[PDB]
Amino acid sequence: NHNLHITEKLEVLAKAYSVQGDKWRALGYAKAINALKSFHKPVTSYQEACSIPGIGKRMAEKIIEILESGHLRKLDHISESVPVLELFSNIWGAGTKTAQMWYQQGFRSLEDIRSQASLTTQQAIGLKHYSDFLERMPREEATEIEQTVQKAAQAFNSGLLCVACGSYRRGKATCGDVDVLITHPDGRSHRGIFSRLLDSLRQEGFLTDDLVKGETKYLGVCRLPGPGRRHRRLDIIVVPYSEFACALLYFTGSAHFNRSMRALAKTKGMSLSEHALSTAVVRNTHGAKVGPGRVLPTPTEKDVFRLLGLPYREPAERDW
């Protein structure tokens, strides 16, 4: 990053807009920061700034203030509530609306939340694991967790395929959580497996809390055995084999990469989801789908790129 002295100041504003609910402005900032982090050389001119996609007049102005003064005056006027809103929205299951409500109600600390807030079932688990969920784990521990799930799944049906996606599959040295995708090549035997799989992972104490228990998605909490272990977030998705490539693509990410790819598909009259890549998609004036279109066959990730007119990118090149 050639522009740390700029992006460090910009990230502060972005986070402030985010926790305060100004999601589109925060999005704009996030995109400007990534763009700034990817420039080859320090940005030294307004006109150079404007030349970067993702940097407009308002943002170039801010970059200019930083270079000339080493500071951004807007930082001095960030609401005093922001550190508390961030504290609160780092509880899993609480977002900006809940954080703002707790703030309005007078809460200022996690002790206030613990003792006086009404928490959802998910938020109570999030609070119990507040520190742990803010920590990343070594890649090697994500391997142990993925293997734990795979061993439990394969015990039921040895044909089940399980793959850790997310940051793990993108090759990162640490992972915020573990994202396990499960399918079955025969196209049928993925069905109805959660009850038995989840029950199995509970039996020996690996699965400690459940956050979401859907027909296709599980989100919860696990902890490996022995001393020195922290609770870790674990997501499991079970998909039919026909959707494997799009599910793999979605669940490998990154999130920004997915949004970029999906926006591209939209420009070409297509739609990309975790279920499928579709063509001849009918939309309205607001970009909203009014007609479904046709599912395109995508046996592999490479086919999704191909049909979008893109060169294939290995997971490591998707870490946007």
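Sequential numbering from 1, following the sequence displayed.
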Could you tell me whether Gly287 lacks coordinates in at least a third of the other compared entries whose models cover its neighbours on both sides?
yes
Quick note on 198-206 and 133-141: per-entry mean CA temperature factor is higher in 198-206
If you average the CA temperature factors as listed in the entry, which stretch comes out higher, 160-168 or 81-89?
160-168
Quick one: which of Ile64, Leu264, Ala26, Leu277 shows the highest Cα temperature factor in the PDB entry?
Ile64
Identify, among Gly106, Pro227, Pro185, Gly126, the residue whose C-alpha carries the highest B-factor in the deposited PDB entry.
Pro185
How does the C-alpha B factor of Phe251 compare with the rest of the chain: lowest, middle or highest third?
lowest
Thinking about Cα B factors across the chain, which third does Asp177 belong to?
lowest
Taking the entry's C-alpha B-factors for this chain, is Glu146 in the lowest, middle or highest third?
middle
By the record's CA B-factor, is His231 among the lowest, middle or highest third of residues in the chain?
lowest
Cα B factor band for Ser189 (lowest, middle or highest third within the chain):
highest
